[PDB]
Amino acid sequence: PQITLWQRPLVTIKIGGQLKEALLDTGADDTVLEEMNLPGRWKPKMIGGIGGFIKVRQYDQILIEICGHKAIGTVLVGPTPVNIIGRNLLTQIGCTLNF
């Protein structure tokens, strides 16, 4: 699809059969998702923001479906108030910015 940017670019994603809302975020290197139960092993990680850092769990090789596109990639799980689809997955679905 072509998405204008007058509203937040929120899409439905499918992850472990569950449907969730997420924000397509060209400014994010990584994909960051709200507290959820993913299976298997993870690595501890830190992501920086204004005035500090947030502790997250990094899971590799997670299948996420976005508007019919199936991406497999690394996700960071943590107390984010909004699910963020970053460039690691946006590149897998063929996403570009155009103006």
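By rigid core we mean the largest C-alpha set that fits within 1.5 Å across both forms. Start at 1 with the first residue shown and count on from there.
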{"query": "RMS CA shift, core-fitted in 6 other deposited structures of this protein, bigger for 68-76 or for 49-57", "finding": "49-57"}
{"query": "Stretch with the higher entry mean CA B-factor, where the candidates are 33-41 and 65-73", "finding": "33-41"}
{"query": "Stretch exceeding the other in mean C-alpha B-factor - 50-58, 23-31", "finding": "50-58"}
{"query": "Given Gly78, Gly86, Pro9, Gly16, the residue at which the Cα B factor reaches its maximum", "finding": "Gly16"}
